[PDB]
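Asker: One structure follows; several queries about it will come next.
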Amino acid sequence: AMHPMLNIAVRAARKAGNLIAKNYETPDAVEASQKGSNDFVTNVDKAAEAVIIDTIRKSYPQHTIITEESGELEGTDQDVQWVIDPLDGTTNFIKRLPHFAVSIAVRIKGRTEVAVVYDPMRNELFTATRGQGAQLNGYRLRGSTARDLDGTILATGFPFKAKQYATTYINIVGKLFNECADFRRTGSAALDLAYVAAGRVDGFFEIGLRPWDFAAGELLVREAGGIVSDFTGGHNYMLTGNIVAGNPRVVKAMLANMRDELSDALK
Amino acid sequence: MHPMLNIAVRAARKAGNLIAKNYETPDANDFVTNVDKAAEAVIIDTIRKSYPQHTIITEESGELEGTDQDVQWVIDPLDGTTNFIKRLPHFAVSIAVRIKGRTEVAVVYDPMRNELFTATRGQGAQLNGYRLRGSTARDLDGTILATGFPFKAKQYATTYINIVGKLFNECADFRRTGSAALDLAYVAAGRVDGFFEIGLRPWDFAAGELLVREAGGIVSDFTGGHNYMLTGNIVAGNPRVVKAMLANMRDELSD
Amino acid sequence: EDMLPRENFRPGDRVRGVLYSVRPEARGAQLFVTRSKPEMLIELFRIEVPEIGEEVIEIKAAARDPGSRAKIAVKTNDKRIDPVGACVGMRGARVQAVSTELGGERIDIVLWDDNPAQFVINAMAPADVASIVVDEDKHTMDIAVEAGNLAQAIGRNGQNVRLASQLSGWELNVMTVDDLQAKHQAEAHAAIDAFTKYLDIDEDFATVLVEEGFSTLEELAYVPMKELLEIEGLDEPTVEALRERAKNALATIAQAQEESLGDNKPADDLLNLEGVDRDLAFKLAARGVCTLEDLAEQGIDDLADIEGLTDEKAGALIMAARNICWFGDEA
Amino acid sequence: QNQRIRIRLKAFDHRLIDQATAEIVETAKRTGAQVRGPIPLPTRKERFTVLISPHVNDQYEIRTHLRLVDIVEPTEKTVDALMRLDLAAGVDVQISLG
RNA sequence: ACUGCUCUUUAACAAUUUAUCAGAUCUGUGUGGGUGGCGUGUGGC
DNA sequence: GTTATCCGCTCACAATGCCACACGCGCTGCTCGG
Ligand SMILES: [Mg+2]
Ligand SMILES: [Mg+2]
């Protein structure tokens with residue numbers, strides 16, 4: 000069989016991805032509409048968001064939904080939350096760079112229950128449900144087999160919206176570059192997390208992430224054999240936007256490596 | 001200038017077909041060297057069907073010379089092998105047709121996304137039927153820089169880091185894919201504004217520099233000259249971002 | 165090729181396509197369905213519009229660039245109906261229905277036309293070609309719009325024309341419809357300067373004598389009274405004053421020659437630089453460099469082909485340009 | 002088998018409604034299915050609004070037709086031809102079984 | 001008996017912005033592939 | 001009273017290796033099931 004909420008979510012994600020892909024071939028219609036410090040929100044984001052919300056309301060007119068745009072639309076049954084990013088890495092889309100994904104996760108009683116991310120360009124569908132695992136178009140996902148820092152590929156995002164910590168981040172970057180093999184910088188935390196679940200990157204870390212972006216990936220990597228944490232092993236990440244994740248041994252090595260360079264602001 | 005590019009794209013398509021068809025098998037650097045050698049083999053053997061006399065320059069065995077030394081063929085059937093090692097679907101074949109020391113034709117082909125960028129002097133740079141334009145930027149605000157780390161020459165890293173630091177205080181964001189040829193192709197289609205790299209080698213970026221130039225852009229070495237052909241410290245893009253980046257990156261010269 | 169480009173699929177979902185070939189005998193796959201070949205569109209209208217299939221509004225032609233744009237021309241046999249109100253339907257929703265079904269594949273329901281000229285004209289769905297020059301030996305015609313809408317006529321990536329050429333089969337040409345179009349046929353009568361500068365006082369008298377070309381006025385003006393007797397308006401003092409004005413005209417041709425050699429831009433910022441004589445200025449602008457920044461916008465490979473410019477000279481010249489521009493980072 | 006294979010059919014188009022209804026009742030009367038009446042309940046007003054990039058700061066009410074046809078004989082070939090023989094889009098085909 | 005007298009010759013358009021001269025594979029059926037865990041007891045050395 | 005001291009009591013923890021042979025290893029009124 001299959002998990003029901005997962006199924007309705009993947010239907011929503013399919014529709015949204017098809018809409019985004021269809022609009023991707025007319026860059027004269029989607030404009031750059033900035034919201035904060037280089038966080039564009041184009042009209043296509045609004046359209047995809049509305050499509051997803053409509054598709055959901057058919058099957059759950061009572062579930063409270065969360066969205067970076069519409070804040071928090073309450074529902075008559077607010078024990079279960081629907082966190083959405085209709086588009087991740089808006090910048091990668093405006094530059095028409097074909098690497099982005101829509102992310103839909105459903106939390107139950109606070110604990111994340113199901114998650115999906117969908118890249119329409121490569122047509123890849125990372126699904127994950129707790130107690131059953133993670134799948135990539137039908138293949139199980141056990142993350143990277145790395146157990147050190149050598150030969151390891153580290154995906155990351157830069158605090159290009161919280162540039163005050165830049166130095167700090169860059170500091171640690173240098174430290175990391177003394178032990179790892181190579182970096183990756185794609186521009187969509189959801190897809191980076193997904194890659195962590197697929198072992199295509201030996202780990203990942205980031206500073207300054209909104210609570211509505213990792214919610215679709217943290218469960219992905221969790222049911223993908225990997226683990227997440229704050230920059231110190233705690234769990235305040237859900238509030239600090241500071242994530243470090245990967246297969247367990249690599250996470251341990253990274254934490255022991257980063258704990259010193261860390262500026263005590265994030266602690 | 002048609003038939004040269006004809007053979008070029010023919011070999012490119014066959015090589016990409018081979019690479020993808022192979023990539024559909026599971027695994028968990038033997039395999040990548042195997043497929044690299046096999047792709048080079050199919051490439052060159054399809055080449056010798058026409059002009060089995062041009063001098064091929066691969067990335068492995070130096071320069072496979074020939075009896076008609078008027079044309080060199082720079083080849084890389086795989087760039088950023090790390091990708092194909094770790095299943096990340098981002099890698100492209102890079103073919104460059106150079107003559108008299110300079111390059112005339114270039115073709116980069118991503119099999120996975122089935123992208124194919126051709127480029128040649130005057131007739132421009134096409135993406136399967138598109139008069140490319142590069143980006144439209146004129147500054148370093150709200151811009152993207154396709155970066156690159158020395159995963160073999162970490163000594164520069166420190167000053168490199170400094171660059172990054174200063175760059176981060178100027179630009180908007182960064183990218184990193186590992187396939188320098190793909191970075192070049194992306195700055196050609198304006199998918200990312202500026203590109204730079206510390207110590208690359210001609211076999212990879214030979215086609216990509218021709219791409220970015222043909223798309224209305226320009227290349228340079230770190231110190232504005234042209235020793236990049238031998239130093240591979242590339243900085244490329246449309247002149248706007250190239251000035252906006254060089255002005256702030258040259259003051260940390262170490263090469 | 166048979167799939168749409170961006171039509172994402174997933175094992176478990178149903179899709180629609182047209183069975184374009186069956187192979188019960190071949191040693192492998194025996195059923196061949198496509199979704200790209202144009203007849204699909206045709207048959208899909210069959211399954212959508214209750215007119216087509218009832219043989220009242222038959223689908224004549226349909227050209228298609230997948231997932232991007234599909235032009236279609238249909239004729240009507242009963243004058244009771246027309247495509248705009250029934251084949252487009254109410255509020256244009258049926259074509260919208262098939263569009264959404266084929267993945268936002270925009271469609272151009274163009275009213276078929278049987279006059280090959282008007283046929284290829286209408287098939288240009290968004291356009292207005294107010295100047296047609298029909299020819300069949302080459303199939304090409306001046307099919308273009310007023311200056312400014314040329315993008316709106318060719319459409320993105322040539323679609324709005326690449327389809328019509330695919331649809332009409334007649335090769336197409338899109339240059340202009342108001343400017344630059346008489347140049348094809350009304351080129352010897354469109355030189356507004358001299359003819360009207362002589363006509364402003366002739367508007368009381370008459371037009372000018374077209375039965376002789378007189379474009380090459382020099383020789384054909386040395387014809388006897390015959391030409392001057394046959395026609396009126398070109399009086400003898402008129403011909404003599406106009407010969408003085410034609411002295412002004414040949415001097416004007418010489419002066420235009422002089423002016424056409426003015427955009428080279430030898431400036432101090434472009435002349436005194438190292439290795440730069442005035443002839444280096446003339447050479448660098450002989451490629452089209454009318455400023456100093458342009459010199460700093462090319463590499464040795466692109467500034468090549470100059471008649472007497474090596475790689476090291478142009479190298480140091482690019483270096484000078486990037487010093488005066490990009491090394492000191494100044495102007 | 003069970004009786005109430007009752008298909009209601011909303012739409013805004015008319016002639017294709019007729020085509021679909023005729024084809025459906027054809028399958029019914031051809032497959033042995035004892036068709037009931039199409040019985041088009043009174044055409045209803047249905048509110049629209051321009052939910053696109055509007056005019057700078063166009064049907065808004067339409068006569069949606071309703072065909073409420075019923076089939077009470079579900080042979081094997083009935084469901085066979087039904088799921089086989091297709092229908093145009095732009096029609097609401099919420100059916101009931103019971 | 002005792003709410004019920006013409007309203008006046010059929011669906012009523014979405015398509016849209018460089019630009020072009022259109023720009024070899026249709027093979028197999030060689031083949032590996034079609035009762036134990038524990039406990040207890042006895043006896044032996 | 002404090003403060004530590006030591007002591008009686010409690011509880012955990014060990015029991016040769018092999019072999020060989022033999023024997024045996026849910027149930028029971030709820031659940032279901034037609
Ligand atoms: Mg988002
Ligand atoms: Mg290589």
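Residue numbers (PDB author numbering), protein chains in the order written: chain S, 0 to 266; chain T, 1 to 28, 37 to 263; chain A, 165 to 495; chain E, 2 to 58, 63 to 103.
Heads up, the beta-carbon is just placed ideally off N, CA and C, and yes, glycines get one too.
What's the gap between the Cα of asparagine 42 of chain T and the Cα of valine 113 of chain S?
Answerer: 40 Å
Asker: Alpha carbon to alpha carbon, how far is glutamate 123 of chain T from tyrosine 236 of chain T?
Answerer: Spanning the two alpha carbons is a distance of roughly 27 Å.
Asker: Under a Cβ-count criterion, where at least 16 other Cβ atoms within 10 Å of its own Cβ denotes burial, should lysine 94 of chain S be classed as buried or exposed?
Answerer: buried
Asker: Looking at the unbroken beta strand (DSSP E) that takes in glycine 132 of chain S, where does it start and where does it end?
Answerer: 132 to 135
Asker: Could you tell me how far apart the beta carbons of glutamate 48 of chain S and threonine 66 of chain S are, in whole angstroms, since I believe they sit closer than 8 Å?
Answerer: 6 Å
Asker: Going by alpha carbons, who is nearest to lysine 251 of chain S out of S:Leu265, S:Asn241, S:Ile226 and S:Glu260?
Answerer: S:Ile226
Asker: In chain order, what are the residue ranges of uninterrupted beta strand (DSSP E) at least 3 long that sit wholly in the segment 58 to 118 of chain S?
Answerer: 62 to 66, 70 to 72, 76 to 87, 100 to 107 and 110 to 118
Asker: Would a check of beta-carbon distances place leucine 124 of chain S closer than 8 Å to chain A?
Answerer: yes
Asker: Using a threshold of 8 Å, state whether the C-beta atoms of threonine 240 of chain A and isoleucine 221 of chain A are closer than that.
Answerer: yes
Asker: Taking Cβ to Cβ, would you say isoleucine 169 of chain S is nearer than 8 Å to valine 172 of chain T?
Answerer: A contact, by the Cβ cut-off of 8 Å.
Asker: Between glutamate 67 of chain T and ligand 2, is there a pair consisting of the residue's CB and a ligand heavy atom that are separated by less than 7 Å?
Answerer: yes
Asker: Give me the residue from S:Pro97, S:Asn37, S:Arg183 and S:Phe204 with the minimum Cα distance to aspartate 149 of chain T.
Answerer: Nearest neighbour of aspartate 149 of chain T by Cα position, chosen from S:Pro97, S:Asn37, S:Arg183 and S:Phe204, turns out to be S:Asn37.
Asker: Cβ-heavy atom distance between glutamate 67 of chain S and ligand 1 below 7 Å?
Answerer: yes
Asker: For chain A, find out if any of its Cβ atoms is closer than 8 Å to the Cβ of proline 26 of chain T; answer yes or no.
Answerer: Not closer than 8 Å to any Cβ of chain A, the Cβ of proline 26 of chain T fails to qualify, so no.
Asker: What residue range does the alpha helix (DSSP H) around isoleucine 67 of chain E cover?
Answerer: No alpha helix (DSSP H) holds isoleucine 67 of chain E; the beta strand (DSSP E) holding it covers 66 to 76.
Asker: Using only the alpha-carbon positions, how far apart do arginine 56 of chain T and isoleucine 93 of chain T sit?
Answerer: 29 Å
Asker: With distances taken Cα to Cα, identify the nearest neighbour of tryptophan 490 of chain A among T:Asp263, T:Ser262, T:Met253 and T:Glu260.
Answerer: T:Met253
Asker: Just confirm the distance between the C-beta atoms of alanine 127 of chain S and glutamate 222 of chain S, as a whole number of angstroms; I'd bet it's less than 8 Å.
Answerer: 5 Å
Asker: So is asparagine 279 of chain A buried or exposed if we call it buried at 16+ other beta carbons inside 10 Å?
Answerer: exposed
Asker: Taking the C-alpha atoms as reference points, what is the distance between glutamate 423 of chain A and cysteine 454 of chain A?
Answerer: 15 Å
Asker: Determine the chain A residues that contact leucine 90 of chain E at a beta-carbon separation under 7 Å, and present them in chain order.
Answerer: Under the 7 Å cutoff, chain A gives no residues; its nearest Cβ is about 10 Å from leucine 90 of chain E.
Asker: With hydrogens ignored, establish whether the beta-carbon of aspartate 14 of chain E is closer than 7 Å to any heavy atom of ligand 1.
Answerer: Shortest gap from the CB of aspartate 14 of chain E to any heavy atom of ligand 1: 7 Å or more.
Asker: Should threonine 151 of chain S and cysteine 179 of chain S be called a contact, given that it needs their Cβ atoms to be closer than 8 Å?
Answerer: yes
Asker: Rounded to a whole number of angstroms, what is the C-alpha to C-alpha distance between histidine 98 of chain T and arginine 106 of chain S?
Answerer: 33 Å
Asker: Less than 8 Å separating the beta-carbons of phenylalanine 99 of chain S and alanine 193 of chain S?
Answerer: no
Asker: Please decide whether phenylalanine 176 of chain S counts as near chain T, where near means a Cβ-Cβ distance under 8 Å.
Answerer: yes
Asker: My guess is that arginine 5 of chain E and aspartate 97 of chain E are in contact by the Cβ rule of under 8 Å, so how many angstroms apart are they, rounded?
Answerer: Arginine 5 of chain E to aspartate 97 of chain E, Cβ: 18 Å. No contact.
Asker: Would you mind telling me which residues of chain S sit closer than 8 Å to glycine 192 of chain A, beta carbon to beta carbon, in chain order?
Answerer: Neighbours of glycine 192 of chain A on chain S: none; closest Cβ ~24 Å, over 8 Å.
Asker: Taking only runs of the beta strand (DSSP E) that begin and end inside the segment 144 to 210 of chain T, which ones reach a length of at least 3 residues, in chain order?
Answerer: 152 to 154, 181 to 183 and 202 to 204
Asker: Would you say the beta carbon of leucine 86 of chain T comes nearer than 7 Å to a heavy atom of ligand 2?
Answerer: yes
Asker: Near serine 187 of chain S, what residues of its chain come up, given a Cβ to Cβ distance below 8 Å and the 5 sequence neighbours on each side ignored?
Answerer: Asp87, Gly88, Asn91, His98, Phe99 and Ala100
Asker: Give a single yes or no on whether residue 272 of chain S has its beta carbon closer than 7 Å to a heavy atom of ligand 1.
Answerer: Coverage of chain S is limited to positions 0 through 266, which leaves residue 272 of chain S absent and any answer about it impossible.
Asker: Can you tell me whether DSSP reads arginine 199 of chain S as helix, strand or coil?
Answerer: coil
Asker: Would you list the one or two residues that DSSP bridges to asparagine 241 of chain S?
Answerer: As DSSP reads the structure, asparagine 241 of chain S sits in a beta bridge with S:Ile206.
Asker: With distances taken between CB atoms, is the gap from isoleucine 83 of chain T to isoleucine 107 of chain T smaller than 8 Å?
Answerer: no
Asker: How big is the Cα-Cα spacing for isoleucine 285 of chain A and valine 274 of chain A?
Answerer: 10 Å
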